[PDB]
>>> print(open('start-v7.cif').read())   # mmCIF, C-alpha atoms; chains and numbers go by the auth columns
data_my_file
#
loop_
_atom_site.group_PDB
_atom_site.id
_atom_site.type_symbol
_atom_site.label_atom_id
_atom_site.label_comp_id
_atom_site.label_asym_id
_atom_site.label_seq_id
_atom_site.Cartn_x
_atom_site.Cartn_y
_atom_site.Cartn_z
_atom_site.B_iso_or_equiv
_atom_site.auth_seq_id
_atom_site.auth_asym_id
ATOM 1 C CA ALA A 1 8.646 2.230 -15.629 0.00 1 A
ATOM 2 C CA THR A 2 8.844 -1.359 -14.472 0.00 2 A
ATOM 3 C CA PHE A 3 7.629 -2.539 -11.100 0.00 3 A
ATOM 4 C CA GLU A 4 8.498 -6.107 -10.147 0.00 4 A
ATOM 5 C CA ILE A 5 5.957 -7.213 -7.554 0.00 5 A
ATOM 6 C CA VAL A 6 7.261 -10.143 -5.480 0.00 6 A
ATOM 7 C CA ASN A 7 5.284 -12.184 -2.964 0.00 7 A
ATOM 8 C CA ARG A 8 7.697 -13.508 -0.284 0.00 8 A
ATOM 9 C CA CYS A 9 4.753 -14.257 2.033 0.00 9 A
ATOM 10 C CA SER A 10 3.988 -17.875 2.906 0.00 10 A
ATOM 11 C CA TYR A 11 0.370 -17.225 1.704 0.00 11 A
ATOM 12 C CA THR A 12 -1.054 -16.238 -1.673 0.00 12 A
ATOM 13 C CA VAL A 13 -1.771 -12.564 -2.273 0.00 13 A
ATOM 14 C CA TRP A 14 -3.581 -10.828 -5.110 0.00 14 A
ATOM 15 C CA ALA A 15 -1.489 -7.827 -6.086 0.00 15 A
ATOM 16 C CA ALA A 16 -3.314 -4.680 -7.182 0.00 16 A
ATOM 17 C CA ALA A 17 -2.116 -1.562 -9.022 0.00 17 A
ATOM 18 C CA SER A 18 -4.270 1.520 -9.687 0.00 18 A
ATOM 19 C CA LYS A 19 -4.161 5.328 -9.875 0.00 19 A
ATOM 20 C CA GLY A 20 -7.717 5.537 -8.435 0.00 20 A
ATOM 21 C CA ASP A 21 -9.631 6.203 -11.694 0.00 21 A
ATOM 22 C CA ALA A 22 -7.850 3.519 -13.796 0.00 22 A
ATOM 23 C CA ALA A 23 -5.872 0.292 -13.586 0.00 23 A
ATOM 24 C CA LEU A 24 -2.101 0.389 -13.886 0.00 24 A
ATOM 25 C CA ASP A 25 -1.119 -2.374 -16.351 0.00 25 A
ATOM 26 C CA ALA A 26 -3.651 -5.232 -15.894 0.00 26 A
ATOM 27 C CA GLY A 27 -4.588 -3.810 -12.462 0.00 27 A
ATOM 28 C CA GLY A 28 -4.237 -7.077 -10.540 0.00 28 A
ATOM 29 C CA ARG A 29 -3.019 -10.656 -10.536 0.00 29 A
ATOM 30 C CA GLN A 30 -2.692 -13.659 -8.238 0.00 30 A
ATOM 31 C CA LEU A 31 0.798 -14.177 -6.750 0.00 31 A
ATOM 32 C CA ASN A 32 1.365 -17.503 -5.042 0.00 32 A
ATOM 33 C CA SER A 33 4.118 -17.649 -2.416 0.00 33 A
ATOM 34 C CA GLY A 34 7.408 -16.862 -4.173 0.00 34 A
ATOM 35 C CA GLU A 35 5.921 -15.586 -7.452 0.00 35 A
ATOM 36 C CA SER A 36 7.015 -12.387 -9.202 0.00 36 A
ATOM 37 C CA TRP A 37 4.857 -10.278 -11.538 0.00 37 A
ATOM 38 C CA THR A 38 6.378 -7.397 -13.502 0.00 38 A
ATOM 39 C CA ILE A 39 4.121 -4.550 -14.560 0.00 39 A
ATOM 40 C CA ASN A 40 4.709 -1.485 -16.707 0.00 40 A
ATOM 41 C CA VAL A 41 3.488 1.863 -15.381 0.00 41 A
ATOM 42 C CA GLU A 42 3.241 4.803 -17.804 0.00 42 A
ATOM 43 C CA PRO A 43 5.580 7.725 -17.359 0.00 43 A
ATOM 44 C CA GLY A 44 3.791 10.598 -15.634 0.00 44 A
ATOM 45 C CA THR A 45 1.473 8.413 -13.496 0.00 45 A
ATOM 46 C CA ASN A 46 0.451 10.606 -10.567 0.00 46 A
ATOM 47 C CA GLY A 47 -0.904 9.123 -7.385 0.00 47 A
ATOM 48 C CA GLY A 48 -0.320 5.466 -8.232 0.00 48 A
ATOM 49 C CA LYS A 49 -0.643 2.764 -5.580 0.00 49 A
ATOM 50 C CA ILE A 50 0.274 -0.913 -5.285 0.00 50 A
ATOM 51 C CA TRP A 51 -1.118 -3.131 -2.540 0.00 51 A
ATOM 52 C CA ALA A 52 -1.756 -6.740 -1.600 0.00 52 A
ATOM 53 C CA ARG A 53 -5.185 -8.300 -1.212 0.00 53 A
ATOM 54 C CA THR A 54 -5.761 -11.336 0.954 0.00 54 A
ATOM 55 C CA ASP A 55 -8.388 -14.067 1.018 0.00 55 A
ATOM 56 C CA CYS A 56 -9.780 -13.425 -2.502 0.00 56 A
ATOM 57 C CA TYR A 57 -12.152 -15.483 -4.668 0.00 57 A
ATOM 58 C CA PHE A 58 -12.647 -14.593 -8.354 0.00 58 A
ATOM 59 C CA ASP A 59 -14.912 -16.272 -10.905 0.00 59 A
ATOM 60 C CA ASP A 60 -13.709 -16.988 -14.482 0.00 60 A
ATOM 61 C CA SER A 61 -14.633 -13.367 -15.555 0.00 61 A
ATOM 62 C CA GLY A 62 -12.351 -11.788 -12.863 0.00 62 A
ATOM 63 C CA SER A 63 -15.287 -10.739 -10.590 0.00 63 A
ATOM 64 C CA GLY A 64 -15.312 -11.690 -6.908 0.00 64 A
ATOM 65 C CA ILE A 65 -14.332 -10.589 -3.395 0.00 65 A
ATOM 66 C CA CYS A 66 -11.266 -10.017 -1.185 0.00 66 A
ATOM 67 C CA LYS A 67 -11.119 -9.645 2.628 0.00 67 A
ATOM 68 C CA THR A 68 -8.507 -6.854 2.405 0.00 68 A
ATOM 69 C CA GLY A 69 -7.929 -4.361 -0.438 0.00 69 A
ATOM 70 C CA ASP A 70 -10.997 -5.318 -2.565 0.00 70 A
ATOM 71 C CA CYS A 71 -11.297 -2.878 -5.539 0.00 71 A
ATOM 72 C CA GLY A 72 -15.006 -3.075 -6.432 0.00 72 A
ATOM 73 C CA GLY A 73 -14.862 -6.883 -6.692 0.00 73 A
ATOM 74 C CA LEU A 74 -12.481 -6.905 -9.724 0.00 74 A
ATOM 75 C CA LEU A 75 -9.339 -9.053 -10.166 0.00 75 A
ATOM 76 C CA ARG A 76 -7.986 -6.266 -12.500 0.00 76 A
ATOM 77 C CA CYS A 77 -8.280 -3.153 -10.280 0.00 77 A
ATOM 78 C CA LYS A 78 -9.311 0.194 -11.772 0.00 78 A
ATOM 79 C CA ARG A 79 -10.036 1.697 -8.308 0.00 79 A
ATOM 80 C CA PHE A 80 -8.371 1.814 -4.884 0.00 80 A
ATOM 81 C CA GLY A 81 -8.898 -0.990 -2.384 0.00 81 A
ATOM 82 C CA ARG A 82 -10.997 -1.336 0.735 0.00 82 A
ATOM 83 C CA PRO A 83 -8.997 -0.793 3.955 0.00 83 A
ATOM 84 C CA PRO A 84 -7.059 -2.160 5.665 0.00 84 A
ATOM 85 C CA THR A 85 -4.313 -1.938 3.040 0.00 85 A
ATOM 86 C CA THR A 86 -0.599 -1.257 3.420 0.00 86 A
ATOM 87 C CA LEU A 87 0.116 1.087 0.461 0.00 87 A
ATOM 88 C CA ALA A 88 3.124 1.529 -1.828 0.00 88 A
ATOM 89 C CA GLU A 89 2.544 5.033 -3.238 0.00 89 A
ATOM 90 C CA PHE A 90 4.308 6.748 -6.126 0.00 90 A
ATOM 91 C CA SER A 91 4.221 9.681 -8.506 0.00 91 A
ATOM 92 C CA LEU A 92 6.721 9.451 -11.414 0.00 92 A
ATOM 93 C CA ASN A 93 8.392 12.026 -13.685 0.00 93 A
ATOM 94 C CA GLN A 94 7.316 15.000 -11.481 0.00 94 A
ATOM 95 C CA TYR A 95 9.417 17.950 -12.687 0.00 95 A
ATOM 96 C CA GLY A 96 12.003 15.388 -13.535 0.00 96 A
ATOM 97 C CA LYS A 97 11.867 13.286 -10.327 0.00 97 A
ATOM 98 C CA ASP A 98 9.969 10.318 -8.946 0.00 98 A
ATOM 99 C CA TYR A 99 8.524 10.252 -5.410 0.00 99 A
ATOM 100 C CA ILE A 100 7.876 7.047 -3.411 0.00 100 A
ATOM 101 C CA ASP A 101 6.524 6.245 0.036 0.00 101 A
ATOM 102 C CA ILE A 102 4.733 3.633 2.108 0.00 102 A
ATOM 103 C CA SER A 103 1.543 4.630 3.913 0.00 103 A
ATOM 104 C CA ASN A 104 -0.447 3.180 6.821 0.00 104 A
ATOM 105 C CA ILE A 105 -3.097 5.955 6.485 0.00 105 A
ATOM 106 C CA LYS A 106 -5.524 3.298 5.130 0.00 106 A
ATOM 107 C CA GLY A 107 -4.373 0.700 7.666 0.00 107 A
ATOM 108 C CA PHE A 108 -2.094 -2.295 7.342 0.00 108 A
ATOM 109 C CA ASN A 109 -2.694 -5.805 6.009 0.00 109 A
ATOM 110 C CA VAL A 110 0.619 -7.203 4.659 0.00 110 A
ATOM 111 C CA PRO A 111 4.210 -6.111 5.363 0.00 111 A
ATOM 112 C CA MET A 112 6.092 -4.611 2.401 0.00 112 A
ATOM 113 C CA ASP A 113 9.345 -3.228 1.083 0.00 113 A
ATOM 114 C CA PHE A 114 9.258 -0.675 -1.749 0.00 114 A
ATOM 115 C CA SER A 115 12.705 -0.096 -3.259 0.00 115 A
ATOM 116 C CA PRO A 116 14.238 1.197 -6.476 0.00 116 A
ATOM 117 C CA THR A 117 15.970 -1.376 -8.706 0.00 117 A
ATOM 118 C CA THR A 118 17.979 1.470 -10.342 0.00 118 A
ATOM 119 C CA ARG A 119 20.506 3.942 -8.859 0.00 119 A
ATOM 120 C CA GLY A 120 20.194 7.179 -6.920 0.00 120 A
ATOM 121 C CA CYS A 121 17.848 6.714 -3.900 0.00 121 A
ATOM 122 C CA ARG A 122 16.940 4.394 -1.011 0.00 122 A
ATOM 123 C CA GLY A 123 13.948 2.180 -0.457 0.00 123 A
ATOM 124 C CA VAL A 124 11.275 2.307 2.231 0.00 124 A
ATOM 125 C CA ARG A 125 9.961 -0.550 4.356 0.00 125 A
ATOM 126 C CA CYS A 126 7.111 -1.343 6.747 0.00 126 A
ATOM 127 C CA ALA A 127 7.668 -4.910 7.866 0.00 127 A
ATOM 128 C CA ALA A 128 6.827 -5.015 11.581 0.00 128 A
ATOM 129 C CA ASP A 129 4.034 -7.274 12.897 0.00 129 A
ATOM 130 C CA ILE A 130 1.371 -4.573 12.897 0.00 130 A
ATOM 131 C CA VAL A 131 -1.496 -7.085 12.641 0.00 131 A
ATOM 132 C CA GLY A 132 -0.241 -9.102 15.631 0.00 132 A
ATOM 133 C CA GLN A 133 0.329 -5.976 17.757 0.00 133 A
ATOM 134 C CA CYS A 134 -2.818 -4.096 16.546 0.00 134 A
ATOM 135 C CA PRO A 135 -4.770 -2.312 19.302 0.00 135 A
ATOM 136 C CA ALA A 136 -8.056 -4.083 20.042 0.00 136 A
ATOM 137 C CA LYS A 137 -10.298 -1.259 18.717 0.00 137 A
ATOM 138 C CA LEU A 138 -8.450 -1.173 15.351 0.00 138 A
ATOM 139 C CA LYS A 139 -8.466 -4.929 14.653 0.00 139 A
ATOM 140 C CA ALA A 140 -10.522 -5.582 11.491 0.00 140 A
ATOM 141 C CA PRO A 141 -12.735 -8.710 11.951 0.00 141 A
ATOM 142 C CA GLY A 142 -12.265 -9.338 8.190 0.00 142 A
ATOM 143 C CA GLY A 143 -8.446 -9.313 8.693 0.00 143 A
ATOM 144 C CA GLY A 144 -5.699 -6.621 9.205 0.00 144 A
ATOM 145 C CA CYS A 145 -5.301 -3.489 11.341 0.00 145 A
ATOM 146 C CA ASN A 146 -7.580 -0.583 10.444 0.00 146 A
ATOM 147 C CA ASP A 147 -6.586 3.043 10.563 0.00 147 A
ATOM 148 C CA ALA A 148 -8.512 5.177 13.057 0.00 148 A
ATOM 149 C CA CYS A 149 -10.286 7.186 10.308 0.00 149 A
ATOM 150 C CA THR A 150 -11.838 3.991 8.913 0.00 150 A
ATOM 151 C CA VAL A 151 -12.987 2.933 12.395 0.00 151 A
ATOM 152 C CA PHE A 152 -14.240 6.200 13.934 0.00 152 A
ATOM 153 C CA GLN A 153 -14.931 8.674 11.049 0.00 153 A
ATOM 154 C CA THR A 154 -13.860 11.838 12.916 0.00 154 A
ATOM 155 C CA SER A 155 -12.422 15.044 11.536 0.00 155 A
ATOM 156 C CA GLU A 156 -9.347 14.515 13.756 0.00 156 A
ATOM 157 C CA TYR A 157 -8.485 11.044 12.427 0.00 157 A
ATOM 158 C CA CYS A 158 -9.489 11.745 8.829 0.00 158 A
ATOM 159 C CA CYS A 159 -7.765 15.213 8.815 0.00 159 A
ATOM 160 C CA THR A 160 -10.876 16.501 7.047 0.00 160 A
ATOM 161 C CA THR A 161 -10.008 20.203 7.285 0.00 161 A
ATOM 162 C CA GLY A 162 -6.185 19.700 7.181 0.00 162 A
ATOM 163 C CA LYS A 163 -5.429 20.764 10.856 0.00 163 A
ATOM 164 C CA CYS A 164 -5.212 17.436 12.738 0.00 164 A
ATOM 165 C CA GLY A 165 -2.447 16.163 14.986 0.00 165 A
ATOM 166 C CA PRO A 166 -0.951 12.783 15.796 0.00 166 A
ATOM 167 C CA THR A 167 -3.138 10.517 17.909 0.00 167 A
ATOM 168 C CA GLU A 168 -2.722 7.496 20.177 0.00 168 A
ATOM 169 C CA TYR A 169 -3.691 5.353 17.147 0.00 169 A
ATOM 170 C CA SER A 170 -1.368 7.057 14.636 0.00 170 A
ATOM 171 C CA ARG A 171 1.496 6.780 17.159 0.00 171 A
ATOM 172 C CA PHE A 172 0.995 2.979 17.244 0.00 172 A
ATOM 173 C CA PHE A 173 1.561 2.744 13.464 0.00 173 A
ATOM 174 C CA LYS A 174 4.496 5.173 13.691 0.00 174 A
ATOM 175 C CA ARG A 175 6.154 3.240 16.546 0.00 175 A
ATOM 176 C CA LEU A 176 5.922 -0.053 14.616 0.00 176 A
ATOM 177 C CA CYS A 177 6.828 1.537 11.251 0.00 177 A
ATOM 178 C CA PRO A 178 8.709 4.826 11.522 0.00 178 A
ATOM 179 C CA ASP A 179 9.330 4.854 7.733 0.00 179 A
ATOM 180 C CA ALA A 180 5.621 4.955 6.713 0.00 180 A
ATOM 181 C CA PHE A 181 2.968 7.684 6.904 0.00 181 A
ATOM 182 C CA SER A 182 0.857 7.176 10.035 0.00 182 A
ATOM 183 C CA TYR A 183 -1.680 10.016 9.535 0.00 183 A
ATOM 184 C CA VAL A 184 -2.379 12.572 6.822 0.00 184 A
ATOM 185 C CA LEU A 185 -0.125 15.358 8.236 0.00 185 A
ATOM 186 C CA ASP A 186 2.713 13.087 9.385 0.00 186 A
ATOM 187 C CA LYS A 187 6.254 14.376 8.879 0.00 187 A
ATOM 188 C CA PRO A 188 6.854 13.046 5.350 0.00 188 A
ATOM 189 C CA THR A 189 8.852 9.864 4.709 0.00 189 A
ATOM 190 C CA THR A 190 8.709 10.318 0.923 0.00 190 A
ATOM 191 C CA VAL A 191 11.907 9.498 -0.971 0.00 191 A
ATOM 192 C CA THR A 192 12.986 11.443 -4.050 0.00 192 A
ATOM 193 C CA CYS A 193 14.309 9.188 -6.834 0.00 193 A
ATOM 194 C CA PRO A 194 15.616 10.045 -10.310 0.00 194 A
ATOM 195 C CA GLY A 195 12.856 10.490 -12.875 0.00 195 A
ATOM 196 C CA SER A 196 12.103 7.216 -14.670 0.00 196 A
ATOM 197 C CA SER A 197 13.511 4.929 -11.946 0.00 197 A
ATOM 198 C CA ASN A 198 12.333 1.300 -11.806 0.00 198 A
ATOM 199 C CA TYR A 199 11.161 -0.456 -8.647 0.00 199 A
ATOM 200 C CA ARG A 200 10.421 -3.644 -6.740 0.00 200 A
ATOM 201 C CA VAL A 201 7.549 -4.080 -4.269 0.00 201 A
ATOM 202 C CA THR A 202 8.183 -7.091 -2.009 0.00 202 A
ATOM 203 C CA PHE A 203 5.409 -8.442 0.224 0.00 203 A
ATOM 204 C CA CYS A 204 6.721 -10.020 3.465 0.00 204 A
ATOM 205 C CA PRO A 205 10.311 -8.911 2.866 0.00 205 A
ATOM 206 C CA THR A 206 11.608 -10.477 6.127 0.00 206 A
#
>>> encode(input="start-v7.cif", output="structure tokens")
Amino acid sequence: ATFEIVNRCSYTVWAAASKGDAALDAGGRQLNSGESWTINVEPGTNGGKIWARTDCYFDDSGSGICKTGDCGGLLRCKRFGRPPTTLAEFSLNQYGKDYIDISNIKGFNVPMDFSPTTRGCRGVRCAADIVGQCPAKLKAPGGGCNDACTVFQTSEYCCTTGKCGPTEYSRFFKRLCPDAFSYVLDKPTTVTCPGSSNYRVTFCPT
């Protein structure tokens, strides 16, 4: 499946793509403002994620640091990124269908649209100014808006036993972005697409 990753932000981002125990395609790349990078994701990839990283520095070996979404200091991510990270999430070719969503469960750094480029389903978007509106206790000094689990490490925010409810913090994310997961047991906003759809992830779509 192809994913065209487009940076419409006025700032550089370092795109990342991983399924948590491996890179997807090269795993990451710099995208200056306006640039597009197309990756190929294998059929059957379960639990894939794409995200933006901000404020990165990499040496000539692809080792370094990012202020949001750092994946073990690698340009080419094999692992998931350090919160806060807005997440484009997907599982493809699942009993013949693909499933896509956006999640704020690991916080928010960059606005994004995640849409099919092929027929048969809608896209999802989280493009409100979550960083600007972020509650004081969730603001990340390194940049972005943390989720409450990251900040407070409670069973209720982290949904550790699978019984949690919505919270004042999750409701903030849900108010700003109704179309994204705000906590682990949120009413799902997952879209079912035809198996083997192709996609575009756009940072700063508005």
>>> axis_aligned_box(input="start-v7.cif", around="region 76-84 of chain A", padding_each_side="5 Å", output="JSON")
{"center_x": -9.0, "center_y": -2.2, "center_z": -3.4, "size_x": 13.9, "size_y": 18.1, "size_z": 28.2}
>>> residues_around(input="start-v7.cif", residues="region 158-166 of chain A", least_positions_apart="3", cutoff="7 Å", atoms="all atoms listed in the file", output="list in words")
residues 149, 153, 154, 155, 170, 171, 183 and 184 of chain A
>>> write_last_selection(input="start-v7.cif", atoms="C-alpha atoms", output="short mmCIF file (atom, residue, chain, number, x, y, z; two decimals), in the frame of the given file")
data_model
loop_
_atom_site.label_atom_id
_atom_site.label_comp_id
_atom_site.auth_asym_id
_atom_site.auth_seq_id
_atom_site.Cartn_x
_atom_site.Cartn_y
_atom_site.Cartn_z
CA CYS A 149 -10.29 7.19 10.31
CA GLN A 153 -14.93 8.67 11.05
CA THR A 154 -13.86 11.84 12.92
CA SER A 155 -12.42 15.04 11.54
CA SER A 170 -1.37 7.06 14.64
CA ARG A 171 1.50 6.78 17.16
CA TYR A 183 -1.68 10.02 9.54
CA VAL A 184 -2.38 12.57 6.82
#
>>> closest_residue(input="start-v7.cif", among="A:128, A:56, A:74, A:87", to="residue 142 (chain A)", atoms="all atoms listed in the file")
A:56
>>> resolve_selection(input="start-v7.cif", expression="the PyMOL selection byres ((chain A and resi 5-22) around 6)", output="mmCIF file with C-alpha atoms, in the frame of the given file")
data_model
loop_
_atom_site.group_PDB
_atom_site.id
_atom_site.type_symbol
_atom_site.label_atom_id
_atom_site.label_comp_id
_atom_site.auth_asym_id
_atom_site.auth_seq_id
_atom_site.Cartn_x
_atom_site.Cartn_y
_atom_site.Cartn_z
ATOM 1 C CA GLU A 4 8.498 -6.107 -10.147
ATOM 2 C CA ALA A 23 -5.872 0.292 -13.586
ATOM 3 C CA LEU A 24 -2.101 0.389 -13.886
ATOM 4 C CA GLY A 27 -4.588 -3.810 -12.462
ATOM 5 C CA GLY A 28 -4.237 -7.077 -10.540
ATOM 6 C CA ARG A 29 -3.019 -10.656 -10.536
ATOM 7 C CA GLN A 30 -2.692 -13.659 -8.238
ATOM 8 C CA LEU A 31 0.798 -14.177 -6.750
ATOM 9 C CA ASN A 32 1.365 -17.503 -5.042
ATOM 10 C CA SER A 33 4.118 -17.649 -2.416
ATOM 11 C CA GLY A 34 7.408 -16.862 -4.173
ATOM 12 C CA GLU A 35 5.921 -15.586 -7.452
ATOM 13 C CA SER A 36 7.015 -12.387 -9.202
ATOM 14 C CA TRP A 37 4.857 -10.278 -11.538
ATOM 15 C CA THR A 38 6.378 -7.397 -13.502
ATOM 16 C CA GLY A 47 -0.904 9.123 -7.385
ATOM 17 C CA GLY A 48 -0.320 5.466 -8.232
ATOM 18 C CA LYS A 49 -0.643 2.764 -5.580
ATOM 19 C CA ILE A 50 0.274 -0.913 -5.285
ATOM 20 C CA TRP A 51 -1.118 -3.131 -2.540
ATOM 21 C CA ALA A 52 -1.756 -6.740 -1.600
ATOM 22 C CA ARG A 53 -5.185 -8.300 -1.212
ATOM 23 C CA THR A 54 -5.761 -11.336 0.954
ATOM 24 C CA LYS A 78 -9.311 0.194 -11.772
ATOM 25 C CA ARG A 79 -10.036 1.697 -8.308
ATOM 26 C CA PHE A 80 -8.371 1.814 -4.884
ATOM 27 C CA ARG A 200 10.421 -3.644 -6.740
ATOM 28 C CA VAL A 201 7.549 -4.080 -4.269
ATOM 29 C CA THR A 202 8.183 -7.091 -2.009
ATOM 30 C CA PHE A 203 5.409 -8.442 0.224
ATOM 31 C CA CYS A 204 6.721 -10.020 3.465
#
>>> closest_residue(input="start-v7.cif", among="A:60, A:70, A:168, A:42", to="residue 84 (chain A)", atoms="all atoms listed in the file")
A:70
>>> atom_distance(input="start-v7.cif", atom1="CA of residue 188 (chain A)", atom2="CA of residue 124 (chain A)")
12.0 Å
>>> resolve_selection(input="start-v7.cif", expression="the PyMOL selection byres ((chain A and resi 1) around 9)", output="compact mmCIF listing (two decimals) with C-alpha atoms, in the coordinates of the input")
# COMPACT_ATOMS: atom_id res chain seq x y z
CA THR A 2 8.84 -1.36 -14.47
CA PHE A 3 7.63 -2.54 -11.10
CA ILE A 39 4.12 -4.55 -14.56
CA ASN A 40 4.71 -1.48 -16.71
CA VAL A 41 3.49 1.86 -15.38
CA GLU A 42 3.24 4.80 -17.80
CA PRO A 43 5.58 7.72 -17.36
CA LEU A 92 6.72 9.45 -11.41
CA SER A 196 12.10 7.22 -14.67
CA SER A 197 13.51 4.93 -11.95
CA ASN A 198 12.33 1.30 -11.81
CA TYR A 199 11.16 -0.46 -8.65
>>> residues_near_point(input="start-v7.cif", point="(2.1, 6.6, 9.6)", cutoff="9 Å", atoms="only C-alpha atoms", output="number ranges by chain")
A: 102-105, 107, 170-175, 177-184, 186-187, 189
>>> resolve_selection(input="start-v7.cif", expression="the PyMOL selection byres ((chain A and resi 65) around 12)", output="count of residues only")
26
